[PDB]
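Undergrad: Take a look at the following structure, please.
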Amino acid sequence: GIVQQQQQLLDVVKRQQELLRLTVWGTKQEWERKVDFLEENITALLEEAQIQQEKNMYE
Amino acid sequence: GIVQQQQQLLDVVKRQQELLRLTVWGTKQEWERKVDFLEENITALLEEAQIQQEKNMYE
Amino acid sequence: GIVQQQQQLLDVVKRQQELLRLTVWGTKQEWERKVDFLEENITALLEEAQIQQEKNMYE
């Protein structure tokens, strides 16, 4: 149940991430320094969030 | 509990979607071809995610 | 379990919010009127979503 919704929210957020990399791609000195670290933290966070989904889903 | 948070995350993500359509609206050949499919997949994903919330919420 | 993933999704969404404020910062009359209310609703929603995480996490 909640684990299903869990993966749905995680895909909406996965896709929006690609969409943001796009509007940042379109938009594009200190800016591309901030926008860059955020693109890395969110990729890590998306994977930790994925690995976790795989764990809750074993149960 | 988790179902409450579930809907909150789903609304934050619902709103950001409108906000992205806006920065894409402001930003705006192959770009508007990629950015377009993402706007459709995420709308479908937002609805599947909604219909699911309605299911987990019956319990 | 689901409460762990819960906070992960809430941080990915927390970060993307900063990233959007950035592409809106880069992008930037009625536009900055719509984009503004969305930046407020989502901040409120992020906090309600946080306070809620603190509640589900007491259990």
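Each chain of the structure tokens is named A, B, ... in the order shown, its residues numbered from 1; ligands are numbered from 1 in display order.
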If you take only C-alpha atoms and a cut-off of 9 Å, which residues of region 2-36 of chain C touch region 20-37 of chain B, and what are their nearest atom pairs and distances in Å to one decimal, in chain and number order, as JSON lines?
TA:
```
{"residue": "C:20", "atom": "CA", "partner": "B:20", "partner_atom": "CA", "distance": 7.5}
{"residue": "C:23", "atom": "CA", "partner": "B:23", "partner_atom": "CA", "distance": 7.0}
{"residue": "C:24", "atom": "CA", "partner": "B:23", "partner_atom": "CA", "distance": 6.1}
{"residue": "C:27", "atom": "CA", "partner": "B:27", "partner_atom": "CA", "distance": 6.2}
{"residue": "C:28", "atom": "CA", "partner": "B:26", "partner_atom": "CA", "distance": 8.1}
{"residue": "C:31", "atom": "CA", "partner": "B:22", "partner_atom": "CA", "distance": 7.6}
{"residue": "C:34", "atom": "CA", "partner": "B:22", "partner_atom": "CA", "distance": 8.4}
{"residue": "C:35", "atom": "CA", "partner": "B:22", "partner_atom": "CA", "distance": 7.0}
```
Undergrad: Would you mind exporting the chosen residues as a tab-separated table (two decimals), in the first residue's frame, restricted to C-alpha atoms?
TA:
```tsv
chain	number	residue	atom	x	y	z
C	20	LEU	CA	13.60	25.87	-8.42
C	23	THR	CA	16.00	28.62	-11.93
C	24	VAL	CA	13.27	31.12	-11.15
C	27	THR	CA	14.70	33.06	-15.36
C	28	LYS	CA	13.63	36.35	-13.72
C	31	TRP	CA	4.45	35.54	-14.00
C	34	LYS	CA	1.97	33.27	-9.87
C	35	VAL	CA	5.49	32.04	-9.27
```
Undergrad: Identify, on the basis of only C-alpha atoms, every residue whose closest approach to residue 44 (chain C) does not exceed 12 Å; exclude the query and any residue fewer than 5 positions from it along the same chain; express the result as a PyMOL selection string.
TA: (chain B and resi 8-9+11-12+15) or (chain C and resi 14+17+37-39+49-51)
Undergrad: Identify, on the basis of only C-alpha atoms, every residue whose closest approach to residue 2 (chain C) does not exceed 8 Å; exclude the query and any residue fewer than 5 positions from it along the same chain; express the result as a PDB file with N, CA, C and O atoms, in the first residue's frame.
TA:
```
ATOM      1  N   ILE A   2       1.271   1.699   1.183  1.00  0.00           N
ATOM      2  CA  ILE A   2       2.076   2.904   1.334  1.00  0.00           C
ATOM      3  C   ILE A   2       3.396   2.771   0.575  1.00  0.00           C
ATOM      4  O   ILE A   2       3.985   3.771   0.156  1.00  0.00           O
ATOM      5  N   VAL A   3       3.853   1.533   0.406  1.00  0.00           N
ATOM      6  CA  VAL A   3       5.099   1.242  -0.305  1.00  0.00           C
ATOM      7  C   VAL A   3       4.889   1.430  -1.813  1.00  0.00           C
ATOM      8  O   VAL A   3       5.834   1.705  -2.560  1.00  0.00           O
ATOM      9  N   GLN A   6       4.789   5.043  -2.236  1.00  0.00           N
ATOM     10  CA  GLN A   6       6.170   5.390  -1.957  1.00  0.00           C
ATOM     11  C   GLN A   6       6.982   5.444  -3.250  1.00  0.00           C
ATOM     12  O   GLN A   6       7.716   6.399  -3.497  1.00  0.00           O
ATOM     13  N   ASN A  56      12.369  -1.684   2.081  1.00  0.00           N
ATOM     14  CA  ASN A  56      10.998  -1.718   2.600  1.00  0.00           C
ATOM     15  C   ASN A  56      10.161  -2.736   1.797  1.00  0.00           C
ATOM     16  O   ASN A  56       9.236  -3.356   2.330  1.00  0.00           O
TER      17      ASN A  56
ATOM     18  N   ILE B   2       1.458   7.801   8.253  1.00  0.00           N
ATOM     19  CA  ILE B   2       2.265   7.812   7.040  1.00  0.00           C
ATOM     20  C   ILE B   2       1.418   8.203   5.829  1.00  0.00           C
ATOM     21  O   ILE B   2       1.934   8.739   4.847  1.00  0.00           O
TER      22      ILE B   2
END
```
Undergrad: Between CA of residue 40 (chain A) and CA of residue 52 (chain C), what distance in Å does the model show, to one decimal?
TA: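 A separation of 26.8 Å between them.
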